[PDB]
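Q: Just dropping in an experimental structure and the matching sequence.
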Amino acid sequence: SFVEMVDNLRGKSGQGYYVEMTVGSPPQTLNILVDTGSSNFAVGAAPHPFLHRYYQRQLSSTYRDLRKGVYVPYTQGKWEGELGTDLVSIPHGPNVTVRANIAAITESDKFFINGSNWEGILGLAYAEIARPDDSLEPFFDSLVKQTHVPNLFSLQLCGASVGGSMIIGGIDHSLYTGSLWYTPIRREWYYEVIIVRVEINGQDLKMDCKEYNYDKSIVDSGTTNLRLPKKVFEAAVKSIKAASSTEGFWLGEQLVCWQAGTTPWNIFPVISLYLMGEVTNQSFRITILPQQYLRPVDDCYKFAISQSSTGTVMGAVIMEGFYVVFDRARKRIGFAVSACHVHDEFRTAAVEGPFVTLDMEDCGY
Ligand SMILES: CC(C)C[C@H](NC(=O)[C@@H](NC(=O)[C@@H](N)CNC(=O)c1nnn[nH]1)C(C)C)C(=O)NC[C@](O)(CCc1ccccc1)C(=O)Nc1cccc(C(=O)O)c1
């Protein structure tokens, strides 16, 4: 039941959230990064200087080889390895065992992070973006096909040492407040959504909404940042600079620092994303505070908004403080402020609707 799954995720800031899983017979225990921006279940299966532990296929009696290699590239990092299948379970998830596809990772470049403490990646999106091709059924599909776990999951990620919940199979009503607001998954590959308006401190950014979605906007819990397309990224920074003109960093390369507890939170604006809703001409908005897009790294911070080579990418930083529901069953993603919400002296992060927005169809690429 859901109480066993609450707080089943861990992290280091800016390095991802993982969940304990076990693979094989007998079970090998591994920490697996939870990723909504990809679709391959893969694990280190070979010594690496950043891996404390890895998958030993030859120790497992249920491992079957598929005699077939694979390569997977990501925003940061890439790996290749051998596809097989094996028995998989989630200790603090639903009480089941599935046979799932598994990529034994043999070579990697910039993929494993030093001191990250995860040793694998669970892609939670759809077959279509699965390597080598869409016939390699992704973990979540196998789980839904082979057991009675309903076709949906929720992510509640929290910031500082980093924790949260993956409610697999449902929604835990105690982990958020107010109502859940939904947005169509435009297409079942990435968790693709449409952003229809963007406001900075209450001011519309005045751009054509095709710009926000230049290519595709996605919810990617495997990336840290809020990534905006060039044109939008440039407008955002110009607004954020102006709102904070009162005080290199803007490119995310270097930290800024303040004497413990005097972070001038008030001089940094709130950003509002309006997402397409479930009814005609209707949207809703999520409001993000400086405390989300200035990443805790004296209290020090990295700027967590960077330039994108796709559309708008809602990374780990935007999801922090929200309860997000991946309602695959009904082709929608749900947003609410969670229990572990962001704390500011004079403002709240919020999920507010309904809003009316004409011509939302125009914003799609
Ligand atoms: C580097 C990354 C953005 C590549 C991209 N990878 C992914 O999307 C992976 N997911 C992720 O990386 C996630 N962080 C979420 N997605 C994004 O951030 C994002 N998607 N698009 N832009 N950004 C998985 C879904 C595998 C991909 O597979 N893209 C598809 C493709 O464009 C196809 C290219 C191709 C050309 C001709 C025939 C067939 C395919 C791609 O490989 N692109 C691509 C671009 C640059 C480098 C590399 C590389 O291998 O190093 C690959």
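A: Arrived safely. Numbers count the residues shown, from 1 in each chain.

Q: Point me to the residue sitting closest to the centre of the chain.
A: What sits nearest the mean C-alpha location of the chain, by CA atoms, centre = their mean, is residue 221, with 0.8 Å.

Q: Angles on the backbone of residue 35, please.
A: Backbone torsions of residue 35, given as degrees, to the nearest 10, read phi -130, psi 120.

Q: Apologies, that question was intended for residue 241.
A: phi -60, psi -50.

Q: got it, and residue 140?
A: The phi/psi pair for residue 140 (degrees, to the nearest 10) is phi -70, psi -30.

Q: residues contacting it?
A: By CB atoms under 8 Å, 6 or more residues apart in numbering, residue 140 lies in contact with 124, 153, 328. In short, each C-beta sits where N, CA and C put it, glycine included.

Q: Chain neighbours aside, what residue packs nearest to the residue in the stretch 201-350 of the chain positioned nearest to the ligand?
A: Using CB to the nearest ligand atom, residue 310 is the residue of the stretch 201-350 of the chain that sits closest to the ligand, at 3.8 Å. Excluding the flanking residues, the one nearest residue 310 by CB to CB, 6 or more residues apart in numbering is residue 215, at 4.4 Å.

Q: Tell me if I am right that the one you found is in a strand.
A: No: Residue 215: not assigned to a strand; according to DSSP: H, G, I helix; E, B strand; the rest coil it is coil.

Q: does it really touch residue 311, like I thought?
A: Yes: under the criterion of CB atoms under 8 Å, residue 215 makes contact with residue 311 at 4.6 Å.

Q: How about the residue in the chain that sits furthest from its center?
A: Largest separation from the mean C-alpha position in the chain: residue 61, at 33.4 Å (CA atoms, centre = their mean).

Q: what about the closest residue to that one other than its chain neighbours, distance to residue 199?
A: Of all residues not flanking residue 61 in the chain, residue 25 sits nearest, at 4.6 Å (CB to CB, 6+ apart). Going from residue 25 to residue 199 by CB to CB, to the nearest Å gives 53 Å.

Q: Among those two, which residue is more densely surrounded?
A: A side-by-side neighbour count of residue 25 and residue 199, using other CB atoms under 10 Å, places residue 199 first with 17 against 14.
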